[PDB]
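Asker: First, the structure itself, so that you have it in front of you.
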Amino acid sequence: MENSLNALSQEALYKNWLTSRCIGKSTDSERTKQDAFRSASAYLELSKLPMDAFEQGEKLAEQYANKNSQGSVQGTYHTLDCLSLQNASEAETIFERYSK
Amino acid sequence: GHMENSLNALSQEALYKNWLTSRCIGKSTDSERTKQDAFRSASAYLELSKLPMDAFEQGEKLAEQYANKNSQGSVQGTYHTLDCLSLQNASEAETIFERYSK
């Protein structure tokens with residue numbers, strides 16, 4: 001696990017941290033929330049980014065947790081909102097600001 | 001409409017990987033609400049995929065096995081969220097994708 005995590009780029013660790021945080025902040029389930037948050041903590045430990053990437057990323061993760069996208073078909077799409085952080089330009093611009 | 005407008009610029013591979021992760025989240029969670037959310041999400045990605053259905057029957061297997069991976073972290077508890085996100089960078093996800101695109 002330590003092995004697979006060490007294979008990830010810094011951009012991937014960050015995106016995974018963002019998605020994980022968003023899942024935890026959106027989910028109804030305390031079980032799932034603490035799974036999501038434990039998972040976010042694992043990515044965070046390996047990041048070489050400074051703390052402000054994560055203070056700014058947390059607000060983005062929360063904004064995506066609350067986006068409440070509606071699709072054709074009634075119901076929540078939080079999983080989709082949270083996964084969109086894998087490829088969202090807002091996530092990439094915070095990452096770019098703090099990585100070089 | 002706007003959701004698909006928003007997914008239409010995503011690559012076929014990124015659509016497939018998000019479907020995988022979404023299925024994996026749904027299968028691993030013990031909350032029926034999180035499960036239905038994840039499954040509804042998965043279907044949105046499915047809708048824009050041009051892959052044959054064999055890619056999704058093979059991918060479902062992969063997703064359920066990642067949902068049952070049960071990695072242990074340095075803290076006590078499940079890491080299903082991390083196991084499902086690992087499908088975004090898994091060799092297997094990419095090779096299955098390639099096998100059914102061309």
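Ordered as shown in the structure tokens, chains take letters A, B, and onward, while each chain numbers its residues from 1 and ligands are numbered from 1 in the order shown.
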Please find the residues of chain A near chain B - the criterion being any atom within 9 Å, counting only C-alpha atoms - and write them as a count of residues only.
Answerer: 39
Asker: Any idea what's packed within 9 Å of residue A:47, counting only C-alpha atoms, ignoring anything in its chain fewer than 4 positions away? Could you give it as a list in words?
Answerer: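 So the residues in contact are residues 10, 11, 13, 14 and 43 of chain A.
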Asker: Considering only C-alpha atoms, can you say which of A:48, A:15, A:33, A:67 comes closest to residue A:92?
Answerer: A:15
Asker: My list of candidates is A:96, A:57, A:30, A:50. Which is closest to residue A:17 when distances are computed with only C-alpha atoms?
Answerer: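 The shortest atom-to-atom distance to residue A:17 comes from A:57.
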Asker: Which residues are close to residue B:49, i.e. within 8 Å by only C-alpha atoms, leaving aside same-chain residues fewer than 4 positions away? Reply as a list in words.
Answerer: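 Result of the neighbour search: residues 12, 15, 16 and 45 of chain B.
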Asker: Grab the atom CA of residue B:17 to atom CA of residue B:98 distance for me, in Å with one decimal place.
Answerer: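 Going from atom CA of residue B:17 over to atom CA of residue B:98 covers 11.9 Å.
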Asker: Neighbours of residue A:25 within 8 Å (only C-alpha atoms; same-chain residues fewer than 6 positions away dropped), as a count of residues only?
Answerer: 4
Asker: Select from chain A everything DSSP, run on the backbone, classes as helix (DSSP H, G or I), then give the selection as a ChimeraX atom specification.
Answerer: /A:2-6,10-26,30-46,51-65,78-86,89-99
Asker: When you draw a straight line from atom CA of residue A:66 to atom CA of residue A:93, how long is it in Å?
Answerer: 20.2 Å
Asker: If I take atom CA of residue B:65 and atom CA of residue B:96, how far is one from the other in Å, to one decimal?
Answerer: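 Pair atom CA of residue B:65 / atom CA of residue B:96 returns 14.5 Å.
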Asker: A:26, A:44, A:9, A:58: which is nearest residue A:91, counting only C-alpha atoms?
Answerer: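 The closest residue to residue A:91 is A:58.
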